[PDB]
Each structure stands twice: as structure tokens, then as C-alpha cells.
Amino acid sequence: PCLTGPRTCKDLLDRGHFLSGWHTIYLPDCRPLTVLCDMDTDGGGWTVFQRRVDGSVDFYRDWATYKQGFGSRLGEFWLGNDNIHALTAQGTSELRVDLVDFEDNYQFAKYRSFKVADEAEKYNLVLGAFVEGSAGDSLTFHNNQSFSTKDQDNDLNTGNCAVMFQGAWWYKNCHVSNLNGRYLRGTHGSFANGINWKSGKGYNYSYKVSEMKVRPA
């Protein structure tokens, strides 16, 4: 069942599943996981690990909650740090970030490789080169940073980045992207605590849609 089953969303596309949606794959350790496949963007076959679309889910969550994953298949979610590690541990996944503003402008960024380490390495981000994208590069800054949540500060700032910027991320001191920030709906006077991508719409605009996704390259 593991040995016959699909291992990635790319396997599902290869087997004739052409519509984005939730499907079961088998992780390298043979555990089944139901994931969101994007078969429509940029050739299809992406496994989606983060999705924001309407502000229905609270993303200001603790370490245990980020570790296991949270949210809803009907809408917004974070798939979980243990899962994202399992998906990216071996071989090379590319990363794409898709963003939509409240005027329906679509922007994206793409990186050559993306891996997150295990819990003992604090889900350390190992990110390859910026390839291209109309949103510009707001992630290379975050290479080689631990993941941090409000109750576990692993950042390089003397304060608590997750609390200061009301999110959870691979904060440094502190960010140029904050896609797990608050769903603040376009322009906000609060500083850099929204769904922000600095090179895209800046530190005072919160996107309508965010998706982070991976595929074998």
C-alpha cells in the first residue's frame, strides 16, 4: 500500500490527477498523509504546506501546534514542521511562494531548493538560490535560521520576533517575510505584523492569498 502508493503530488500528476485538491501520499517512512496538491500553477505537481486565503484560522500559535500542523482542508493551514521536514529531508525539492493582493495582482517567488531540518535542529531552513519571481526575493535573508514561535524564541534578535511581528517563522533580526503573520486585509498601520513580503507589497500591506509549496527538482 505504501510501495504502490504515490510519494509526492508530482507522482499523482504523473498518474493522471490533473485537478488541485487533497490527496493521500506516503511519506518516506511509509506513513500516509493527506496533502493539498496544486496541479494548476507552473506545470503542477506541487505539494502545498502553507495556505492563507480569508483569515478564518489563527496563525499566532505555539511551538507544539506548529510542530504537528493546524487549520483546515476547507481553507487555511500549516501542514506541520515534522511533516515539512519529512517531505523535504532527502533529495531536492524546489520551493514556490504564490501571493495575491486585494486587487487581484498575482506575484510569485521561486527558489532552487528548500529543506527544513528536524526538531533537534529547530527546523533550520536550508534554502537554495533565488531563481526568479515578480514578488522579488524576501526569503534568502532567512537562510540558516531556526524556526521560532511566540513561546520558543530561537531568533537572532535580542527581543522576541514572533511576538513583535505576531507570527511564526524562520526569524533572524527579524524579517523581510512574515507569511504566517496576522490576516490584516491590505494596508495596515501596525508595523510588519501582517502577511508581508517586503520586496512585494512591503511592511504595511497584508496579502489576500499566500501559498508555499514544494516539488522534486
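Don't overthink the numbering: it's just position in the shown sequence, from 1.
Student: Of the two stretches 138 to 146 and 100 to 108, which shows the higher Cα B-factor on average in the entry?
Tutor: It is 100 to 108.
Student: Averaged over C-alpha atoms, is the B-factor higher for 89 to 97 or for 68 to 76 in this PDB entry?
Tutor: Mean B over CA atoms: larger for 89 to 97.
Student: Of the choices 31, 61, 52, 182, which one's C-alpha carries the largest B-factor in the record?
Tutor: Answer for 31, 61, 52, 182: 31, with the highest C-alpha B-factor.
Student: Please place residue 120 in the lowest, middle or highest third of its chain by C-alpha B factor as given in the entry.
Tutor: For residue 120, whose C-alpha B-factor we compare with every modelled residue in the chain, the answer is the highest third.
Student: Please place residue 131 in the lowest, middle or highest third of its chain according to the CA B-factor in the PDB entry.
Tutor: Top third by C-alpha B-factor.
Student: Could you tell me which third, lowest, middle or highest, the C-alpha B-factor of residue 46 occupies within its chain?
Tutor: For residue 46, the deposited C-alpha B-factor lands in the middle third.
Student: Using only modelled residues of the chain, where does the Cα B factor of residue 168 rank: lowest third, middle third or highest third?
Tutor: Its C-alpha B-factor belongs to the lowest third of this chain's values.
Student: Could you say whether, by C-alpha temperature factor, residue 187 belongs to the lowest, middle or highest third of its chain?
Tutor: It belongs to the highest third of the chain when residues are ordered by C-alpha B-factor.
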